[PDB]
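Student: Sharing my_file.txt below, compact mmCIF, C-alpha atoms:
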```
# COMPACT_ATOMS: atom_id res chain seq x y z
CA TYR A 1 0.00 0.00 0.00
CA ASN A 2 3.14 2.16 -0.19
CA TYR A 3 3.82 3.95 -3.55
CA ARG A 4 3.63 7.64 -2.55
CA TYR A 5 2.54 10.68 -4.49
CA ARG A 6 2.10 14.39 -3.61
CA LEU A 7 -1.47 15.76 -3.68
CA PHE A 8 -0.80 19.43 -2.81
CA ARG A 9 1.98 21.89 -3.71
CA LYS A 10 1.96 25.73 -3.75
CA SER A 11 2.76 25.47 -7.52
CA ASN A 12 3.53 22.71 -10.04
CA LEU A 13 7.22 21.61 -10.20
CA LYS A 14 9.83 22.35 -12.94
CA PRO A 15 10.95 19.68 -15.50
CA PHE A 16 12.65 16.70 -13.77
CA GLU A 17 12.32 18.31 -10.28
CA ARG A 18 12.45 16.04 -7.17
CA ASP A 19 11.32 18.43 -4.45
CA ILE A 20 10.72 16.92 -0.93
CA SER A 21 8.74 19.82 0.56
CA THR A 22 6.05 18.17 2.81
CA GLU A 23 4.27 20.84 4.99
CA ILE A 24 0.57 21.33 5.85
CA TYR A 25 -1.38 23.54 3.39
CA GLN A 26 -4.57 25.63 3.36
CA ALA A 27 -7.96 24.41 2.09
CA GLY A 28 -9.33 27.21 4.25
CA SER A 29 -6.68 30.02 4.56
CA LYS A 30 -5.72 29.02 8.15
CA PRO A 31 -1.99 29.12 9.26
CA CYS A 32 -2.03 25.57 10.75
CA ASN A 33 1.75 25.41 9.95
CA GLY A 34 3.35 22.22 11.39
CA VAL A 35 -0.11 20.91 12.55
CA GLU A 36 -3.21 19.61 10.69
CA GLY A 37 -6.90 20.44 11.23
CA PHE A 38 -10.24 20.41 9.37
CA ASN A 39 -9.72 22.68 6.30
CA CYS A 40 -5.81 22.42 6.45
CA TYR A 41 -3.84 19.29 5.52
CA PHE A 42 -0.53 17.40 4.93
CA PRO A 43 0.44 16.79 1.23
CA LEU A 44 1.32 13.04 0.67
CA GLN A 45 -0.57 9.69 0.19
CA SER A 46 0.19 6.23 -1.40
CA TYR A 47 -1.51 3.68 -3.69
CA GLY A 48 -3.15 0.71 -1.88
CA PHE A 49 -1.44 -1.78 -4.27
CA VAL B 1 -29.12 5.52 -0.33
CA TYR B 2 -32.34 3.73 -1.58
CA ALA B 3 -33.76 7.03 -3.02
CA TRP B 4 -31.27 9.93 -2.53
CA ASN B 5 -32.22 13.65 -2.67
CA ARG B 6 -31.30 15.14 -6.07
CA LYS B 7 -31.20 18.95 -6.64
CA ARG B 8 -29.70 21.58 -9.01
CA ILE B 9 -28.88 25.31 -9.29
CA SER B 10 -27.84 27.69 -12.11
CA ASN B 11 -27.67 31.38 -13.19
CA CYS B 12 -26.28 32.66 -9.81
CA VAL B 13 -22.89 33.40 -8.18
CA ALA B 14 -21.35 30.86 -5.71
CA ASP B 15 -18.29 30.22 -3.44
CA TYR B 16 -16.67 27.69 -1.05
CA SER B 17 -16.61 30.82 1.18
CA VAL B 18 -20.29 29.79 1.70
CA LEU B 19 -20.03 25.98 1.03
CA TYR B 20 -21.55 24.97 4.45
CA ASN B 21 -23.31 26.63 7.47
CA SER B 22 -20.46 25.24 9.63
CA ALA B 23 -16.83 25.13 8.42
CA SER B 24 -16.59 21.83 10.40
CA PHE B 25 -18.10 19.74 7.58
CA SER B 26 -17.96 16.61 9.79
CA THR B 27 -18.97 14.20 6.93
CA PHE B 28 -17.53 16.17 3.93
CA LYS B 29 -15.35 14.97 0.98
CA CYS B 30 -14.12 17.58 -1.54
CA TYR B 31 -12.03 17.25 -4.76
CA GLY B 32 -12.66 21.03 -5.09
CA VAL B 33 -12.36 22.50 -1.56
CA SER B 34 -14.11 21.93 1.84
CA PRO B 35 -16.35 24.70 3.38
CA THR B 36 -14.30 27.81 4.27
CA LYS B 37 -13.10 30.40 1.75
CA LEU B 38 -12.82 29.55 -2.04
CA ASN B 39 -14.68 31.46 -4.85
CA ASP B 40 -13.49 30.27 -8.34
CA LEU B 41 -15.27 27.30 -9.99
CA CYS B 42 -17.90 26.73 -12.76
CA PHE B 43 -19.64 23.87 -14.68
CA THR B 44 -22.55 22.54 -16.75
CA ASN B 45 -22.79 20.26 -13.67
CA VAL B 46 -25.54 22.45 -12.11
CA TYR B 47 -26.41 19.44 -9.88
CA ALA B 48 -26.49 20.35 -6.17
CA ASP B 49 -28.13 17.27 -4.53
```
Spit out the file's structure as structure tokens when you get a sec.
Tutor:
Amino acid sequence: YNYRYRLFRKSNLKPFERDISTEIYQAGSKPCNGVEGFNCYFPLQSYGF
Amino acid sequence: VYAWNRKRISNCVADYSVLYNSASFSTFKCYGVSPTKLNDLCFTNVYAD
């Protein structure tokens, strides 16, 4: 269940980039910053293979 | 479930800034954005069930 992908980034990456930025981001514009909550979330998940 | 409540809307403005009467959408699931702050989406998918 382990092949990861990124679901949120502040912008799309450049050609052949391998960025490992992984912070919480805004669905509502709330500075949750290092912590999750409803309307603000962490950016990675993996396929249930 | 057995006979779910369909609905639709059209010819009006809209926003995720008004997506729910509580921002704690305790059963929500959103490929757009959950209820808080957004304001930029459109479709022929006027459905609003």
Student: If you measure from atom CA of residue B:5 to atom CA of residue B:19, what distance in Å do you get, rounded to one decimal?
Tutor: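 Distance between the two atoms: 17.7 Å.
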Student: Rounded to one decimal in Å, what is the spacing between atom CA of residue A:13 and atom CA of residue B:17?
Tutor: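 About the pair atom CA of residue A:13 and atom CA of residue B:17: they are 28.0 Å apart.
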Student: Find the spatial neighbours of stretch 41-44 of chain B, counting all atoms listed in the file, within a cut-off of 12 Å - ignore same-chain residues fewer than 4 positions away - and output them as a VMD selection string.
Tutor: chain B and resid 8 to 17 31 to 33 48
Student: Report, in Å with one decimal, the straight-line distance from atom CA of residue B:7 to atom CA of residue B:46.
Tutor: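 Atom CA of residue B:46 lies at a distance of 8.6 Å from atom CA of residue B:7.
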Student: Residues of chain B no more than 12 Å from chain A, counting all atoms listed in the file: send them over as number ranges by chain.
Tutor: B: 16-19, 22-39
Student: Would you list the residues near (1.4, 14.4, -0.4) (no more than 7 Å away, in the coordinates of the file, using only C-alpha atoms) as an MDAnalysis selection string?
Tutor: chainID A and resid 5:8 22 42:45
Student: Given the point (2.1, 6.8, -4.2) in the coordinates of this file, which residues lie within 7 Å, counting only C-alpha atoms, and how would they look as number ranges by chain?
Tutor: A: 2-5, 45-47
Student: Pull C-alpha atoms from the residues just selected and write them as a PDB file, keeping the file's coordinate frame.
Tutor:
```pdb
ATOM      1  CA  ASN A   2       3.140   2.160  -0.190  1.00  0.00           C
ATOM      2  CA  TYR A   3       3.820   3.950  -3.550  1.00  0.00           C
ATOM      3  CA  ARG A   4       3.630   7.640  -2.550  1.00  0.00           C
ATOM      4  CA  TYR A   5       2.540  10.680  -4.490  1.00  0.00           C
ATOM      5  CA  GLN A  45      -0.570   9.690   0.190  1.00  0.00           C
ATOM      6  CA  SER A  46       0.190   6.230  -1.400  1.00  0.00           C
ATOM      7  CA  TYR A  47      -1.510   3.680  -3.690  1.00  0.00           C
TER       8      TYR A  47
END
```
Student: Please complete stretch 13-35 of chain A with N, CA, C and O atoms and give it back as a CSV table (one decimal), keeping the file's coordinate frame.
Tutor:
```
chain,number,residue,atom,x,y,z
A,13,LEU,N,5.8,21.7,-10.1
A,13,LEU,CA,7.2,21.6,-10.2
A,13,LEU,C,7.8,21.8,-11.6
A,13,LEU,O,7.1,21.6,-12.6
A,14,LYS,N,9.0,22.2,-11.7
A,14,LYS,CA,9.8,22.4,-12.9
A,14,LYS,C,10.2,21.0,-13.6
A,14,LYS,O,10.1,20.0,-12.9
A,15,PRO,N,10.6,20.9,-14.8
A,15,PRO,CA,11.0,19.7,-15.5
A,15,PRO,C,12.0,18.9,-14.7
A,15,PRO,O,13.0,19.5,-14.2
A,16,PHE,N,11.8,17.6,-14.5
A,16,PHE,CA,12.6,16.7,-13.8
A,16,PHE,C,13.0,17.2,-12.3
A,16,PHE,O,14.0,16.8,-11.8
A,17,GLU,N,12.1,18.0,-11.7
A,17,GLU,CA,12.3,18.3,-10.3
A,17,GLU,C,12.0,17.1,-9.4
A,17,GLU,O,11.1,16.3,-9.7
A,18,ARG,N,12.7,17.0,-8.2
A,18,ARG,CA,12.4,16.0,-7.2
A,18,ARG,C,12.5,16.7,-5.8
A,18,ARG,O,13.3,16.4,-4.9
A,19,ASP,N,11.6,17.7,-5.7
A,19,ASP,CA,11.3,18.4,-4.4
A,19,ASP,C,10.7,17.5,-3.4
A,19,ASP,O,9.8,16.8,-3.6
A,20,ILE,N,11.3,17.6,-2.1
A,20,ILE,CA,10.7,16.9,-0.9
A,20,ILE,C,10.3,17.9,0.1
A,20,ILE,O,10.5,17.8,1.3
A,21,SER,N,9.6,19.0,-0.3
A,21,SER,CA,8.7,19.8,0.6
A,21,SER,C,7.5,19.0,1.0
A,21,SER,O,7.0,18.3,0.1
A,22,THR,N,7.1,19.0,2.2
A,22,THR,CA,6.0,18.2,2.8
A,22,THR,C,5.2,18.8,3.9
A,22,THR,O,4.7,18.1,4.8
A,23,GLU,N,5.0,20.2,3.9
A,23,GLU,CA,4.3,20.8,5.0
A,23,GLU,C,2.7,20.8,4.8
A,23,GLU,O,2.2,20.4,3.8
A,24,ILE,N,2.0,21.1,5.9
A,24,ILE,CA,0.6,21.3,5.8
A,24,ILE,C,0.2,22.5,5.0
A,24,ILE,O,1.0,23.5,5.0
A,25,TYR,N,-0.9,22.5,4.2
A,25,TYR,CA,-1.4,23.5,3.4
A,25,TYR,C,-2.9,23.8,3.6
A,25,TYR,O,-3.7,22.9,4.0
A,26,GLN,N,-3.3,25.0,3.2
A,26,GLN,CA,-4.6,25.6,3.4
A,26,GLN,C,-5.6,25.1,2.4
A,26,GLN,O,-5.4,25.3,1.2
A,27,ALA,N,-6.7,24.5,2.9
A,27,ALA,CA,-8.0,24.4,2.1
A,27,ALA,C,-8.9,25.6,2.4
A,27,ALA,O,-9.4,26.3,1.5
A,28,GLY,N,-9.0,25.9,3.7
A,28,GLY,CA,-9.3,27.2,4.2
A,28,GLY,C,-8.0,27.9,4.6
A,28,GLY,O,-7.0,27.2,4.9
A,29,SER,N,-7.9,29.2,4.4
A,29,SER,CA,-6.7,30.0,4.6
A,29,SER,C,-6.2,30.2,6.0
A,29,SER,O,-6.0,31.3,6.5
A,30,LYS,N,-6.0,29.1,6.7
A,30,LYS,CA,-5.7,29.0,8.2
A,30,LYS,C,-4.2,28.6,8.4
A,30,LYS,O,-3.8,27.6,7.8
A,31,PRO,N,-3.4,29.4,9.1
A,31,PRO,CA,-2.0,29.1,9.3
A,31,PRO,C,-1.7,28.0,10.2
A,31,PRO,O,-1.1,28.2,11.3
A,32,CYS,N,-2.1,26.8,9.9
A,32,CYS,CA,-2.0,25.6,10.8
A,32,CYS,C,-0.6,25.1,10.9
A,32,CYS,O,-0.2,24.5,11.9
A,33,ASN,N,0.3,25.3,9.9
A,33,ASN,CA,1.8,25.4,10.0
A,33,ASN,C,2.4,24.5,11.0
A,33,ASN,O,2.7,24.8,12.1
A,34,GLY,N,2.8,23.3,10.5
A,34,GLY,CA,3.4,22.2,11.4
A,34,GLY,C,2.3,21.3,12.1
A,34,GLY,O,2.7,20.3,12.7
A,35,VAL,N,1.0,21.7,12.0
A,35,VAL,CA,-0.1,20.9,12.6
A,35,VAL,C,-1.3,20.8,11.6
A,35,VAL,O,-1.5,21.8,10.8
```
